[PDB]
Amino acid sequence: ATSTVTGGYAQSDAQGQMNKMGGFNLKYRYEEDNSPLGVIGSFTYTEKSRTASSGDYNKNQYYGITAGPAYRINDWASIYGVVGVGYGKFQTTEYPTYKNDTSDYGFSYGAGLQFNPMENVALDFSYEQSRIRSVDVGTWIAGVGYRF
């Protein structure tokens, strides 16, 4: 009966050192008109590239694909929790021509909320966490969209 589609800026940060990996998030939620329980799917992508004067180049990409239950608390607030899979791809080119690329999948989970300040508008805020090998990647998301 109702769908909400939001998009915004996402920012990841891993165990200390990889700095801030920037990007975006999209979410699609569905609700019934006569039940407070629905579902929400999320797509997050962040990245960062570090080049140089030397020549050494490195590029990190993070993908987060999650889904879970969403619960409407009142006409202007809802909360949700999501689980799924995180994917990271690290590229490194060591001057002048050595190239080494590694990728792996890991478990991902998250939780968020949505507010409806106007009935057809949504403000979305969530946090997502992924493990991937032994590196804990945490991402914060602030989005906006429409409920139709």
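We number the residues from 1 along the sequence you see.
Remark: stretch with higher mean C-alpha B factor among 122-130 and 7-15 is 7-15. Stretches compared: 29-37, 94-102. Higher mean C-alpha B-factor in the entry: 94-102.
Considering 53, 114, 108, 44 together, the PDB entry gives 53 the largest C-alpha B factor.
In the deposited entry, the Cα temperature factor of residue 63 places it in the middle third of its chain's modelled residues.
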